[PDB]
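Numbers restart at 1 for each chain; the letters A, B, ... are given by sequence-line order, proteins then strands.
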Amino acid sequence: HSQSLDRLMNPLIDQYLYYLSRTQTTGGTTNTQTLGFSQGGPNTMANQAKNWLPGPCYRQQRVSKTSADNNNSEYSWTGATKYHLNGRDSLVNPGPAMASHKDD
Amino acid sequence: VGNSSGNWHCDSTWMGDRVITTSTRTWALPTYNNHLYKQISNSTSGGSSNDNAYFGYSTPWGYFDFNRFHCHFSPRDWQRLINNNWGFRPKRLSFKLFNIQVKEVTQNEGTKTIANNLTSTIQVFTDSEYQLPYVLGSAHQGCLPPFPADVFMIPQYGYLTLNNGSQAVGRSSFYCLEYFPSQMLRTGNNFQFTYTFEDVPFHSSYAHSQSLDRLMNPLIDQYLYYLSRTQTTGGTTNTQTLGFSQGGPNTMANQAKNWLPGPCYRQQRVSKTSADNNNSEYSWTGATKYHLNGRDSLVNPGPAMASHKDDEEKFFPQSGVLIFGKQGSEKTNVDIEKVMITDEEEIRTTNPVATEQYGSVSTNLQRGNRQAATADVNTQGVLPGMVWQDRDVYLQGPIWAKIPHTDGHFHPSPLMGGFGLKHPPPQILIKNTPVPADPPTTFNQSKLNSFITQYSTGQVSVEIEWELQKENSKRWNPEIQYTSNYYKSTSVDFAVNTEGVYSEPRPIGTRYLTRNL
Amino acid sequence: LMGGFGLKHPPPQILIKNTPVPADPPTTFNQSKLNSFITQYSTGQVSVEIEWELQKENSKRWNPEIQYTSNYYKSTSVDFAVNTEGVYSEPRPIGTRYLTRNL
Ligand SMILES: CO[C@H]1O[C@H](COS(=O)(=O)O)[C@@H](O[C@@H]2O[C@@H](C(=O)O)[C@@H](O[C@H]3O[C@H](COS(=O)(=O)O)[C@@H](O[C@@H]4O[C@H](C(=O)O)[C@@H](O[C@H]5O[C@H](COS(=O)(=O)O)[C@@H](O)[C@H](O)[C@H]5NS(=O)(=O)O)[C@H](O)[C@H]4O)[C@H](OS(=O)(=O)O)[C@H]3NS(=O)(=O)O)[C@H](O)[C@H]2OS(=O)(=O)O)[C@H](O)[C@H]1NS(=O)(=O)O
């Protein structure tokens, strides 16, 4: 896909929907409890309202191809994600579908 | 030039099983980006964090957005639909663009002169193949206004692509809108376009009159037992035992059930009275937010869940609701009397409260020495046997959203409410065709950057046929209808004030009529 | 009570307005409704044809009746005509009850 599921908006227009933006009066010396609402916009793309959510997850342990970056322990079986079935554990491999790593 | 292209149709027609709502409006289209496609990023908008980072393009095109219920239904029509029908869904749409005028404004010597250019055109195409980034359904502004008397300006089309901060990745795509077959229209020409909606489930515009955990016969016991007592009650030395009771009209909580409440993703509970909230800035810290490719995004409004329990109107989930803004309300840090927070409490019958644990699960194996421990389930995905209701619709809220083209989607109903469509009404894009100013008298290979300043106006109609599902309630006592309160006010609700400013005082949902579970 | 014909379905009201024509909008999108318009007004002609049914007088009276007549005496200006400045004026209110009939 050439678009990210969390960036399907129009970057030039704001929304007509608000979100809890500020919870505390900002400064004075004595900033207290308040409730401020902002409209999602091209600068707050993370706070905007979305219609969809990312696919399901079953977290995995992250190992590095450069063995010097990994913890010095035998976690091939201990730190693995594994389902339990009738009293015995099995490796979730390759498991359900998920991205391998973040950017860079 | 001297003959109108169309007429003004802006009324609804009720034919018993269906309603056709037409709505004409007058628009204005300026020239965007001065006819240029500009690359935009979070750095051009003044830089941001990594969560707000983006990379997209601005285009010279505007687009029509009639994806809101108030563009079609009047407050009265909406009330006549909400009080009598159990469900409704759209069947066919019919967009028309006419009475086009391309005015040419020439600002010379402080004196502005606006004259019509009869030979200038506008290009307008509709992406029926969904080859362009679909932008509608993100709840943006620029809709046909709700009141038919006013004229609106057409929003600017711009799309986003993949990014790595403010930069573009390999897969980032650039779509030229000029590479599609538009349709040049001079004054005198009109644009007609028809569309028929796919088969989508009716929107359940009723509340349930029974709770999903009270679907038994309160006079009869069950023939099924449950662990009732684990310890002999008293003596002095009460010891381990096992007693079983039969669920009955007094133990309704222990009875056996066939179904479970809809899924959950717990939200933080804030009070409308700021004195009841913790004194900290948790707008972003205490929020529920999904992680995607290393950056966090607010789950808002998130999936469908009840707002509060019984007798707790003051509390609302932090993100779990749609918050509209009253008329003229600003854009940033506006206070709570400037917004209208929706109340999704009519689904407490099937859906769990947005601000409470879903359930409790055993976390260990009780034994002679180890005792029974249990945990609170904050996030609970679907399970066989679950049943839930979808978010309401809101005469000010969205109508549909395009279901993302993925190979996997569960219950593709939009989280903001509405109808999830795989082939939603296409995006009608429109721009003013460029008209160059006098070119040099000697050839210059450089593209012409001097243009005649102009903008176009005209009318636009949008007719939608909705299928209704009439209410056949065999209930005995009266139901709960939406009604304008009879008390005398300064100004009528859903009417213009003394200055000609139309305002919708409150957010109207659909769930008024009740039905059994 | 003011006279005339009481109708349950009277000639409908013909309403007419000039369609708004917005002045040049901003070059950046503003959600606010456009309040700047091109000043204009329209003119033109209007005709109204009405067919009236009459009920002719069949008086079998012997002596002459009372007709509405413009008094024969010489005036400065004709009645129901324009004065020397082009201003039309109706000098008196004319009713219908002139012809007599038995009860
Ligand atoms: C944090 O870890 C530490 O604590 C946890 C528990 O605490 S916690 O929950 O709060 O975190 C410990 O984990 C629990 O206990 C483990 C353990 O004790 O090893 C282990 O228990 C399970 O397996 C145990 C051994 O089973 S076996 O089949 O491998 O042998 C078992 O205890 C044994 O019970 C058997 C039994 O009752 O049968 C005993 O066998 C004896 O009797 C058998 C039959 O008797 S009969 O009369 O002849 O018929 C004979 O056949 C056998 O020869 C005889 N053995 S003998 O040597 O005494 O002669 C055996 O001796 C016991 O050790 C547990 O059962 S139980 O009986 O103790 O209740 C069994 N779990 S259970 O049955 O579900 O209860 C588990 O990993 C775990 O179980 S738990 O109940 O979920 O907690 C952890 O070990 C401990 N580790 S530490 O931190 O490093 O110190």
Side-chain angles (χ1 to χ4, degrees), chain B residues 2-14 22-26 74-77 79-80 99 147-151 459 461 483-484 486-502, chain C residues 1-21 35 37-103:
Chain B
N3 290 297
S4 66
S5 306
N7 296 318
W8 187 285
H9 289 294
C10 185
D11 64 306
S12 306
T13 305
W14 301 74
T22 315
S23 69
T24 306
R25 254 63 160 186
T26 298
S74 65
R76 178 74 188 77
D77 284 62
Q79 161 181 57
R80 167 158 45 213
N99 280 153
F147 195 46
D150 60 303
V151 18
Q459 278 71 50
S461 302
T483 161
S484 283
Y486 207 155
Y487 68 74
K488 52 181 281 286
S489 57
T490 295
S491 59
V492 183
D493 287 307
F494 290 104
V496 289
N497 64 173
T498 186
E499 302 280 295
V501 186
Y502 175 77
Chain C
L1 298 184
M2 268 164 47
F5 301 92
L7 300 175
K8 287 197 172 63
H9 301 298
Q13 322 185 73
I14 324 290
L15 284 116
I16 170 179
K17 76 174 288 193
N18 299 297
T19 290
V21 181
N35 267 309
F37 298 108
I38 287 175
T39 302
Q40 57 179 47
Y41 71 98
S42 48
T43 76
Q45 278 71 50
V46 61
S47 302
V48 187
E49 178 169 57
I50 301 191
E51 178 188 293
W52 307 78
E53 188 175 359
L54 306 166
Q55 193 172 74
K56 199 188 70 299
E57 115 270 48
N58 194 53
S59 59
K60 205 64 169 295
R61 171 178 173 153
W62 177 270
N63 59 142
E65 296 212 52
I66 291 179
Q67 304 293 69
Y68 172 73
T69 161
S70 283
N71 290 163
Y72 207 155
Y73 68 74
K74 52 181 281 286
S75 57
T76 295
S77 59
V78 183
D79 287 307
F80 290 104
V82 289
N83 64 173
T84 186
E85 302 280 295
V87 186
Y88 175 77
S89 61
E90 325 186 68
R92 65 190 58 70
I94 307 170
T96 48
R97 278 59 173 297
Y98 279 96
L99 286 171
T100 56
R101 184 177 191 176
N102 295 310
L103 187 36

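A pairwise comparison of heavy atoms in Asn7(B) and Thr24(B) identifies O-OG1, 4.4 Å as the closest pair. Closest approach of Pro148(B) to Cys10(B), counting heavy atoms only: CB-SG, 3.8 Å. Heavy atoms only, all atoms of each residue included: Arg25(B) and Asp150(B) are closest at CG-O, 4.2 Å.
Partners of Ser4(B) by side chain to side chain contact (heavy atoms under 4.5 Å, CB included), not counting sequence neighbours, listed by chain and number: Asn99(B). Residues forming a side chain to side chain contact (heavy atoms under 4.5 Å, CB included) with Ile38(C) (at least two apart in sequence, or on another chain): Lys103(B), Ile114(B), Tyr455(B), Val21(C), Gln40(C). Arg76(B) meets the side chain to side chain contact (heavy atoms under 4.5 Å, CB included) test with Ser74(B), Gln79(B), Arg80(B); sequence neighbours excluded.
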Result block: side-chain N/O donor-acceptor pairs under 3.5 angstrom for residues 69-98 of chain C, not counting sequence neighbours:
residue	atom	partner	partner atom	Å
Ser75(C)	OG	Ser77(C)	O	2.9

Would you tabulate the side-chain donor-acceptor contacts of residues 42-53 of chain C under 3.5 Å, counting partners in other chains and residues two or more places apart, or write 'none'?
residue	atom	partner	partner atom	Å
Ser42(C)	OG	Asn18(C)	OD1	2.6

List, one per line, each side-chain donor-acceptor pair under 3.5 Å for residues 58-65 of chain C, sequence neighbours excluded.
residue	atom	partner	partner atom	Å
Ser59(C)	OG	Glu65(C)	OE2	3.2
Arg61(C)	NE	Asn63(C)	O	3.1
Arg61(C)	NH1	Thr100(C)	OG1	2.7
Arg61(C)	NH2	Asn63(C)	OD1	3.2
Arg61(C)	NH2	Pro64(C)	O	3.2
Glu65(C)	OE1	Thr100(C)	N	2.7
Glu65(C)	OE1	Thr100(C)	OG1	3.1

Audit row: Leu99(C), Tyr68(C), side chain to side chain contact (heavy atoms under 4.5 Å, CB included) steps and yes/no: CA-CA 9 Å; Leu99(C) 286 171; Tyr68(C) 172 73; over 6 Å; no
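Residue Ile66(C) qualifies as open at atom CD1: its count of foreign heavy atoms under 6.0 Å is 12 or below.
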